[PDB]
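By letter and in written order, the chains are A, B and C; residue numbering begins at 1 in each of them.
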């Protein structure tokens, strides 16, 4: 019955295709399967996971601070594909390489592999459990820290949630396998980060408080975000119990000359170690990383070569090659970086359907300040609205919109707000002057932000815009969550357990709390189709070719051999019959003809 | 009759397609590049300066200039790396004025030499001279820069000295101000003839090609002293500018800080830095070079930057903005020009490679940015697509076997051929040089080892050379020194009789470099007319049924052409295209090549 | 402008196809050639004789003639049965001279009336008068024969007497020498007006008695020998110059011929003319019997359009008679040559071929006219009754009997058709149809017949059926035309002439009177498209192939050379442009894209 379920899924995608791939491009028919590198044989040298375990978070931080080598964080398992491949990368390909990281690059600080779009996308678009993924990575790399990006007021959700819910998620994330939480707030508002950070500490894990970088500190024309801005925030975040301070350059804006300044300054402002995350949209982020290294930053992020560049992180292989031999040499085998990268390359070719059209670096990023992770996404949305040939006007509108909102920090989900605004502005051919003129029906998201739902920026919201937009509704300036009733967690669990006619795990409950509808759908899908996550990627998105033989591991130990022998015409009752051979035995599966 | 000829070409590509595009991808059916509306006359720039100061003194001016000077490679190295050099005069010339008006403070435009000379005739049916002339006319305030191949010129082989000398005279007359001359084995003796010619024509940018790693004591062959000595040698040989041509994109930031401090101490000449962004960090190196005092650096427009190209011009500039060494270039204008190039690029969908981003692997194979895609496609051809990384490894091993050489055109082709065979025939280095395995080496490898591409500092590996040369005695003198001076008058009579007409000096120059390509091109020109005047889509794809086109045959005069209908193929194997030219019916018959 | 018009027609058919051919079969992708004739002038024939003798004395001449006289139906009844009357003037006119030169001994050419008049305008965009005129010009030594419908003329309804009269005057002026007038219910009182008109035009009045039932079957006494002989004596008294036996359904069996013809010759001094159809596959036997028994003149179609629902084979009936006392005296090699032409002509009309595969004795059961048979079969398929065709046939027999055993020919046969079809569709028996229960809504045509519109049969209409069908309306039994007001011919001409904004010819007016709407439409078509009739048949139905060269004669002498050089894609204004070369000169014609 687990196999029967799988056979049904396979029968379905074989006959109807996967909705996410049905009309996008296919992978080159050649299709050289990704091969996990054969590893030497030895056991695993202890790494940071062991260290944090022995030292606790406060003392681990002090260890990073004092470490001479630069520490590296690989974002391939998360930010890399979230930017390049619409986060569509599957547990099957991610889990399979965790052990090779463990054995080959034990000196890595952490693996960014959870949070961001992954939580929601995995259930919604890949029919797989984000928890199962974390568990598998954990099991494969028990010597490295596992890192997530955590969204502060939302957690990993899409809305605001009562505090106990955020608190509950964090406890589960920790239990689940996460060691290092990079928590950020879209308006860099410390008051809105407190609940989160407290929760991370209470779980005795690493609280990496992030300051989001925007504007230009070396540009006196734009004083709103100067050096003092960040250093103060660092002091504030330290006082709020951070173990690590992080500079989250979501749009890839930090320029090398600024890095030299910003990182000298931050190390002087706080005893806490500093962690630098950036994006390579400019095509110069590596310069910035290296500057930050030279200027004494403690840890930086990079992606594997085969998923680096552009809206991703800059190239991990080359940053390492640059640092090799130097006093701050990170101590990582390039042959191994290369071999893992080749794996990633082969893995990537499977995801052809989710490649964007971006051709290379763009200094335009310094104008629009679109997050690397929003860029493609907003471009596709622009095509949707029939604006493909005005994309640069969209970009300009975004810049203008930003300034109109008072020059805000643009990241999830504030950057979505500016997006929506820009798109409307071009569609409806409205200027800023037009927008704030004394009739516009503003986007739901803009109304919401201005009401106060995404928090408050340092100088508040522009009075005039806000009045016009809110159209009567009185705006608030307290912490958004402070106004939401504490959730009755027991009743809300009863709700899901009745709907699914069974008990759920704490993790499943956590998922439900963040994404009630997506989770519900996924649970139902699961009951129907079985543990589809065990299928290799091609089979998952494309089913099986006529004649094709597939090996699929249903339950560790047990391997099913499945052959697509034949596919019937569509019968009077609208059904197609796929003729399989499961482990040498005939099986006939009926699925509906969805066409 | 010029119109009749164009109508024939259009009719032919409409019915048969262009061979270069017929089976590659098409551009998104949506779609045109629009030249930015510019505000004034043109502020004087470097072209004026060189005119007043001469080359020696111009160099001194660069040396003393505080701002960093920028060279745009978009018109040459950018598309040679990204689009198989298939970029057309039509799109290149149209923007030259916008450069002239909008970015006058630019040092130069790299827009000639390299693959462009040969590819433009061979694959684009256009005169490389007409192109240079048009750029010249559009940007009379900027220096025009070419990459010149030293012993070959722009050719594919070695040539007698007078022939090299002749080309350079014409190149200068043609409009080129700045010659970046290089030699594939960094052999100064092999550069001398070229440099002397450039000087005789009154800017000689002598290039040292960067390879290995100076800050790696494990690889001493190419240490700091290597380069500084070459600089002192090249200065003594009459260079006006010293250039670091990092063809493979190997120079790492920590090395830039060292190398550029050292070079400026080694020579009074100004330094010019060219690199490729294969690593995905070349921008870091550029900026390092700028901080360490380099005089001038190369970058491509954003829309044609990255990867095997130059690093992003737009962002390097944004990074330097506000700093003491600020290059002084309007970013809004950089962005706007880039937007044009982006729209220009989408036309060339057929020539896009599959390369997805940065690769630190570059530090292993050391393949020039400009050879990389090309060698990958060749690898697929030989059915090795799925062993590309073994090809890369073989290339690294081959390099070492040849004694660790400088790999650039055409030495890099030699290592390429070698690696490919090695993988095909499943041979190790041990195998290649075994006294037991009969190996038939590539023509190119036999040639290099005989001495045809010159001599590396430590000569050729005795054992390999003996086995490869298979009897033939090798030489170590300068290759050109052995070629008989060409009787330029007789050789001109040859082409002029064959083409049944006089040729211009530039045409003769073309013929000398590429006898067969030129011949073909001339013949094509007589048949098809000035195809270069056609916009890019029309050129590669003809006209759609019903489609209206505007084409400017002779500046002033504009033709309006409509494809009204296309016949079935007749008994005599011909298709008839029904045009409307300026409101008059015209019927053009072309053969059905299918 | 005549040429421009033709070019437009050619452009239109080329791009849109002909509606009548667009979806039927095409002819084999692999031209008819008019036989080269010796070179002599034309021997005088019957046309000269009638001219010299007048109609009364011409008949006496036929009576006394020893050879059997032949009438070729290929130009009319042949293709009306086999090809839905779709045969074009172009093909018909071209051979008329070959008849004239090669078979001068022929009595007549049936080439007008029946379906031809109406179909030629409606489906072939051509003037039936232009045709008659062209035939006349080609064969000035043979009699031209029409089948004239008595009460209708050539129309589809009843008309006032003056109108009938007017048509006949024109018909005669047009070129017709021999009128075979018939009445669907064999009602002489309904023929009188017509016959009187023919005589007043000093032309041959062939009065037809329609054959039905079986004279040698005592089980069916309604139509016995006395029936026909009396009719003959009646029609002789009514001024006929010739009696004709019109066996529309091909019912007359040989044994009966021997009897009926002996008898008729004894009943009247007038000469007898025998028309039949070969649906039984034995009509030739009956013809030959009629000859042996002394009939004066018989009908046959050319070999290539003979058999089945057509006339029996002219070639073979002649070969049979060759050498005998009554030998018709016609060159068989010439019959064969003309027949080969018809064969090549026929392949052009592939679109109009039926699916009939050969003889059917079933004809003795349903008594469907040869000319109605395919037509009713196609209509049956329309109504979704393809697989019940034999039930249809049976219903027709039953319906006939229900109506009291009527003579089934145009348009009474149409009435029986309509009844049968409903009977099968609605699954009603005769008992059902006449039940004082089942509420039946009878066909308009059945209501009409029973009211009295198609005249009165010898024994009147069945009381019970008539009451039920007429649903209140009082029925009449006077002559239908007698109740129609004499038409004010002058006003009615003003009507057409204003509508067409021009004078019309008498012939045109005649056409209008018979078929107001069809003619109107044709006149408008003519203004648009020019003399399309001059175009060869393939070109007419199918336009011109890419590259194809065509010769068309616009005005005798002048020949146009037309080449289809190219065809454009459809432009924004929905138009397609065809590129012609007319006599060496470029021409561009725009037609709408009807698809």
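Basically, a residue touches a chain if its C-beta (ideal position, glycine included) is under 8 Å from a C-beta of that chain, and two chains touch if they have at least 3 such contacts.
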| item | value |
| --- | --- |
| Graph class of chain-chain contacts, one of line, ring, star, complete, other | line |
| Pair joined by the larger number of C-beta contacts - B-C, A-B | A-B |
| Gap in Å, rounded to a whole number, between the CA centres of chain C and chain B | 83 |
| Centre distance in Å when chain A and chain B are each reduced to the mean of their C-alpha atoms | 41 |
| Junction residues of chain C, two or more chains touched | none |
| Sites on chain B touched by chain C in the complex | 545-546, 564-568, 570, 576, 578, 585, 587 |
| Residue numbers on chain B that touch chain A, as the complex places them | 30, 215-216, 252-254, 277, 279-281, 283-284, 286-288, 302-307, 309, 311-319, 322-323, 331, 334-335, 338-339, 342, 345, 356-364, 385-386, 389 |
